[PDB]
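Student: Please read through the structure below; I'll follow up with questions.
Computed from the coordinates by the stated procedures, all read-outs in this text should not be read as laboratory data. Quick reminder, even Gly has a Cβ in these numbers, built from the backbone with ideal geometry, and neighbours come from all protein chains shown.
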Amino acid sequence: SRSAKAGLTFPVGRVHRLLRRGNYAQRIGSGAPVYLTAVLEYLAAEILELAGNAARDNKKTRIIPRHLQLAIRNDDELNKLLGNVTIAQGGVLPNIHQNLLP
Amino acid sequence: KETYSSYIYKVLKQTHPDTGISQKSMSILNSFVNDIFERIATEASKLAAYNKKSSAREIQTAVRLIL
Amino acid sequence: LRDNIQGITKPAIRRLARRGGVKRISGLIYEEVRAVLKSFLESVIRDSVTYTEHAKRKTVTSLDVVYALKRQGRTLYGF
Amino acid sequence: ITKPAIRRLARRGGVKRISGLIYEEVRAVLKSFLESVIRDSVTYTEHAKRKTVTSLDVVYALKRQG
Amino acid sequence: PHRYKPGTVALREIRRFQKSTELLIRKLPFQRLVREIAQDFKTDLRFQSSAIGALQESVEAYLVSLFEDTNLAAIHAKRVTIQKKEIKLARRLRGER
Amino acid sequence: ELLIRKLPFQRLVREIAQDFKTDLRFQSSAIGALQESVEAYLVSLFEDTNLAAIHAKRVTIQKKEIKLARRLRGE
Amino acid sequence: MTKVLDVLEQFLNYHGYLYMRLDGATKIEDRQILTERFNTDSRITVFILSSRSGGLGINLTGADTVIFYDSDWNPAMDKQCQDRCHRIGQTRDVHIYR
DNA sequence: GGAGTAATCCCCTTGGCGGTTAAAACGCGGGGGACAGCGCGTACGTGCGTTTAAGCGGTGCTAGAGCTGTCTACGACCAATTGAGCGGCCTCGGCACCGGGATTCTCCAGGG
Ligand SMILES: Nc1ncnc2c1ncn2[C@@H]1O[C@H](COP(=O)(O)OP(=O)(O)O)[C@@H](O)[C@H]1O
């Protein structure tokens, strides 16, 4: 493959063309054009582990968007990154106030 | 056409051999991974223009500050 | 060929409150939240029509909703 | 901040009836916000190829989030 | 007539409505409101297929977050349920304009 | 200017920031801007909690008034 | 033809018989009620239908005569349309006028 | 012998209905939510007798700062070859909300 230089496996060719021509830096001079794919592999692996754990539980084997919404709201680093996003095909965090409650 | 899915399942086999996931999770993966790519590219664009030094440290600073 | 709203439910607005953490109700629960909906949506579409009338151009694929709502102040994921 | 500065703040202070409450509260997030802004400044000035904080490398410190 | 105390049966309503992926918004007229909004000023949209679901779920996010903020401001006051003044508090502080 | 005098806030800033990096120094600038921004945030929170107290049927704001002022202003 | 369906209405208005149609000339809440209106006996005498919409996917039993007007592509469909008039509630023969 | 006129395909709309369920609302009971005035006191109110510090201004250079020769250290063209995962498919493991079975959730009128 063209990605196994440092444990990566995502496609490189089109990614090499895009990162080299990212239109944001004049030249990536020594230089980590593959670090975008590195963080991409990192996120893919963490999503793999989380989704496997979620699907394997609930006595099922599939990921319902409810589970992914719960996982997205679960993390704190993702909340600090972009905390102004919501997940569709699910529901809001359940809530009842003790003052609302009888 | 082009699918990251095969590489994703390669990493899964590195982690878990016989687990199945859903397609909606794959679409959300596409969206969030690509917007992370856009944000990380946007963050490390003109940092090399902050001072007259215009690499790896640009994206390193990007991941340092977004996280 | 245009259609307009009728009041936004007793029941479905009640479930909206239910997932908002509400069991009983006041007289100021059903109607006004929809008014906030209308005000926020009219503001965001005001910005959108300003954008599309300053240059007089159309829009692009479904990736607009996530970016426009993020600038608005509440965006979404799911695909 | 000390008692007289908070006293003037409470003099503004909604007819001064909010004095004790703001005396107790407004000092809780002072250090938190200060730490946040100085940490952001440190992160911005990390990539400056210099040895001291300069205004050159902190112009676009919060460009990501405004 | 097994009529029990309201609030506890409202509590079971909350429990049922806050458990699964159920679409609590009986809201195709929400879609018609979106259509009236979109065709209010322009025309010839020619959009995607499932975009209505995404925009409606963003509407749900905004409105429901408003609901929880309003309920927090309501229990802040001496009124548990949703009040318009609490919604004004929740929206003005957000920087509504 | 600086209602809380420049030297107290300067001492606090230096004491807090000494732990991040050794031998950290500032130029002639970046002295009075931090307190000004902090006070701007404080005044915005004051306006928000004053509005909340206007709603709360009591001029006296409280812990929860300031909590609502800070939380719903954006963060 | 659409230009026949939009012209039969004024003929019915002029001749003044109670009528209703299985065509594109009703409202959203007059579909099942009108189906039972035809199913139940009444004073009506005029029911206008289409070739392939209301003439194949229905169970009309309150009719006696069949009127055709035209058939472009129907090698074996007009016989089925004529049969659609016929039902077990038709003790008499299905008259045909063309 | 490729284009000019025009006969062909055709499919896609301009629009109006079957079939249709949810969408908003009624509707009655009441009891918990609606919103506040007082009790009084505690919750703040406040203005002058009593000081460290703050924001400095009197030499000499004094940690970081901008500084011009002339370059050391590198990152992007083309040309014949070729391997990664894509171009298309759907294989064997494990699915997927109310039933077999009903104790939970919630109130109420007599035991007590
Ligand atoms: N043996 C029978 N006895 C009574 N009625 C029948 C019998 N066979 C068929 N039918 C009626 O004839 C109708 C024909 O149905 P079908 O041809 O499937 O669709 P459509 O009614 O639209 O033509 C049915 O609706 C049914 O009620």
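Student: So G:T65 passes all but one of these: (1) farther than 19 Å from G:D41 by Cβ; (2) more than 15 Å from the ligand (Cβ to nearest atom); (3) of a type in the set (S, T, N, Q). Which condition number does it fail?
Tutor: In the conditions (1) farther than 19 Å from G:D41 by Cβ; (2) more than 15 Å from the ligand (Cβ to nearest atom); (3) of a type in the set (S, T, N, Q), G:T65 misses (1) alone.
Student: Which numbered condition trips up B:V11, out of (1) touching an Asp or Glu at 6+ places or on another chain (Cβ under 7 Å); (2) in a helix (DSSP H, G or I); (3) more than 9 Å from chain A (Cβ to nearest Cβ); (4) not aromatic (F, W, Y)?
Tutor: All conditions are met except number (3).
Student: Here's a check for you: in the stretch G:30-62, which residue that is among the acidic types (D, E) and over 20 Å from G:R92 (Cβ atoms) is farthest from the ligand (Cβ to nearest atom)? Walk me through how you get there before you give the answer.
Tutor: Here is the first cut: in the stretch G:30-62, the residues among the acidic types (D, E) are G:30, G:36, G:41.
Going one step further and asking which of them are over 20 Å from G:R92 (Cβ atoms), we end up with G:30, G:36.
Values: G:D30: 20, G:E36: 14 Å.
For the stretch G:30-62, the residue satisfying everything is G:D30.
So that you can scan it fast, the table gives a plain yes or no per residue for (1) part of a loop (DSSP other than H, G, I, E, B); (2) within 17 Å of D:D40 (Cα to Cα):
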{"residue": "F:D23", "(1), (2)": "yes, no"}
{"residue": "F:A30", "(1), (2)": "yes, yes"}
{"residue": "F:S37", "(1), (2)": "no, yes"}
{"residue": "F:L42", "(1), (2)": "no, no"}
{"residue": "F:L45", "(1), (2)": "no, no"}
{"residue": "F:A69", "(1), (2)": "no, no"}
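Student: Next question, about the same structure. If B:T3 satisfies all but one of (1) in a helix (DSSP H, G or I); (2) closer than 18 Å to A:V15 by Cα; (3) β-branched (V, I, T), what's the number of the condition it fails?
Tutor: Against the list (1) in a helix (DSSP H, G or I); (2) closer than 18 Å to A:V15 by Cα; (3) β-branched (V, I, T), B:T3 comes up short only on (1).
Student: Something else now. Would you point out the residue of the stretch E:48-69, among those that are at the interface with chain C (Cβ under 7 Å from one of its Cβ atoms) and out of contact with any helix residue (DSSP H, G or I) (no Cβ under 7 Å at 6 or more places or on another chain), that is farthest from A:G90 (Cα to Cα)?
Tutor: Our first condition is that a residue be at the interface with chain C (Cβ under 7 Å from one of its Cβ atoms); within the stretch E:48-69, this holds for E:48, E:51, E:54-55, E:57-59, E:61-68.
Remaining after also requiring out of contact with any helix residue (DSSP H, G or I) (no Cβ under 7 Å at 6 or more places or on another chain): E:48, E:57, E:61, E:65, E:68.
Numbers: E:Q48: 21, E:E57: 9, E:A61: 11, E:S65: 14, E:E68: 17 Å.
So the residue we want is E:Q48.
Student: I'm trying to understand the selection: among the residues of the stretch A:1-26, which are within 8 Å of chain B (Cβ to nearest Cβ), within 8 Å of DNA strand H (Cβ to nearest atom) and surrounded by fewer than 18 Cβ atoms within 10 Å (Cβ to Cβ)?
Tutor: Once the filter is applied, which keeps residues that are within 8 Å of chain B (Cβ to nearest Cβ), within 8 Å of DNA strand H (Cβ to nearest atom) and surrounded by fewer than 18 Cβ atoms within 10 Å (Cβ to Cβ), the stretch A:1-26 yields only A:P11.
Student: Considering each residue of the stretch A:1-40, count those that are out of contact with any helix residue (DSSP H, G or I) (no Cβ under 9 Å at 6 or more places or on another chain), part of a loop (DSSP other than H, G, I, E, B) and among the basic types (K, R), and give that number.
Tutor: 2
Student: Yes or no: the stretch E:36-43 includes at least one residue that is closer than 24 Å to C:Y51 by Cα, within 7 Å of chain C (Cβ to nearest Cβ) and under 14 Å from the mean Cα position of the chain (by Cα).
Tutor: no
Student: Filter the stretch F:1-21 down to the residues that are part of a helix (DSSP H, G or I) and within 8 Å of chain D (Cβ to nearest Cβ), then identify the one that is farthest from D:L9 (Cα to Cα).
Tutor: First, the residues of the stretch F:1-21 that are part of a helix (DSSP H, G or I): F:6-17.
Pick out the ones that are also within 8 Å of chain D (Cβ to nearest Cβ) and you get F:8, F:12-13, F:16-17.
Values: F:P8: 17, F:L12: 20, F:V13: 21, F:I16: 24, F:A17: 26 Å.
Here the residue is F:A17.
Student: Another question, if that's okay. Going through the stretch B:47-67 one residue at a time, which ones are more than 15 Å from A:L82 (Cα to Cα) and within 8 Å of chain A (Cβ to nearest Cβ)?
Tutor: Just the residues of the stretch B:47-67 that are more than 15 Å from A:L82 (Cα to Cα), to begin with: B:47-61.
Within the stretch B:47-67, B:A48, B:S54, B:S55, B:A56, B:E58, B:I59, B:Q60 qualify.
Student: Follow-up. Is one or more of the residues making up the stretch E:40-53 of a type in the set (A, V, I, L, M) and crowded, with 21+ Cβ neighbours inside 10 Å? Reasoning before the result, please.
Tutor: Kept after step one, since they are of a type in the set (A, V, I, L, M), are these residues of the stretch E:40-53: E:45, E:51-52.
Those still in the list that are crowded, with 21+ Cβ neighbours inside 10 Å too: none.
No, because not a single residue in the stretch E:40-53 is of a type in the set (A, V, I, L, M) and crowded, with 21+ Cβ neighbours inside 10 Å.
Student: Run down B:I21, B:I40 and say which single residue is more than 18 Å from D:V59 (Cα to Cα), out of contact with any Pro (no Cβ under 7 Å at 6 or more places or on another chain), within 14 Å of DNA strand H (Cβ to nearest atom) and of a type in the set (V, I, T).
Tutor: B:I21
Student: Now for a different question. Filter the stretch C:1-36 down to the residues that are outside any helix (DSSP H, G or I), near DNA strand H (Cβ under 9 Å from one of its atoms), surrounded by fewer than 11 Cβ atoms within 10 Å (Cβ to Cβ) and facing another protein chain (nearest Cβ under 7 Å) and list them by number.
Tutor: Of everything in the stretch C:1-36, just one residue is outside any helix (DSSP H, G or I), near DNA strand H (Cβ under 9 Å from one of its atoms), surrounded by fewer than 11 Cβ atoms within 10 Å (Cβ to Cβ) and facing another protein chain (nearest Cβ under 7 Å), namely C:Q6.
Student: Among the residues of the stretch A:47-102, which ones are of a type in the set (A, V, I, L, M), within 14 Å of chain C (Cβ to nearest Cβ) and in contact with a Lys or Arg (Cβ under 9 Å, 6 or more places away or on another chain)? Can you show your working first?
Tutor: So the first thing to find is which residues in the stretch A:47-102 are of a type in the set (A, V, I, L, M), and the list is A:47-48, A:50-51, A:54-55, A:63-64, A:68, A:70-72, A:78, A:81-82, A:85, A:87-88, A:92-93, A:96, A:100-101.
Subsequent filtering for residues that are within 14 Å of chain C (Cβ to nearest Cβ) retains A:47, A:63-64, A:68, A:70-72, A:78, A:81-82, A:85, A:87-88, A:92-93, A:96, A:100-101.
Residues satisfying the conditions are A:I63, A:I64, A:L68, A:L81, A:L82, A:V85, A:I87, A:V92, A:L93, A:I96, A:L100, A:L101.
Student: Residue by residue through the stretch E:70-79, note down the ones that are within 8 Å of chain C (Cβ to nearest Cβ) and surrounded by 21 or more Cβ atoms within 10 Å (Cβ to Cβ).
Tutor: Answer for the stretch E:70-79, where residues must be within 8 Å of chain C (Cβ to nearest Cβ) and surrounded by 21 or more Cβ atoms within 10 Å (Cβ to Cβ): E:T70, E:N71.
Student: For residues in the stretch D:37-66 being within 16 Å of the chain's Cα centre (by Cα) and facing chain F (nearest Cβ under 10 Å), which is nearest to F:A40 (Cα to Cα)?
Tutor: Among those residues, the one meeting the criterion is D:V37.
Student: Let me ask something else about it. With respect to G:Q90, determine if the residue is surrounded by 10 or more Cβ atoms within 10 Å (Cβ to Cβ), assigned to a helix (DSSP H, G or I) and within 13 Å of the ligand (Cβ to nearest atom). Break it down stepwise before answering.
Tutor: Details: surrounded by 10 or more Cβ atoms within 10 Å (Cβ to Cβ): yes; assigned to a helix (DSSP H, G or I): no; within 13 Å of the ligand (Cβ to nearest atom): yes.
Judged against the criteria, G:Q90 is not a match.
Student: Given the criteria hydrophobic (A, V, I, L, M, F, W, C) and within 10 Å of the chain's Cα centre (by Cα), does G:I67 qualify?
Tutor: Numbers: hydrophobic (A, V, I, L, M, F, W, C): yes; within 10 Å of the chain's Cα centre (by Cα): yes.
For G:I67, the condition - hydrophobic (A, V, I, L, M, F, W, C) and within 10 Å of the chain's Cα centre (by Cα) - is met.
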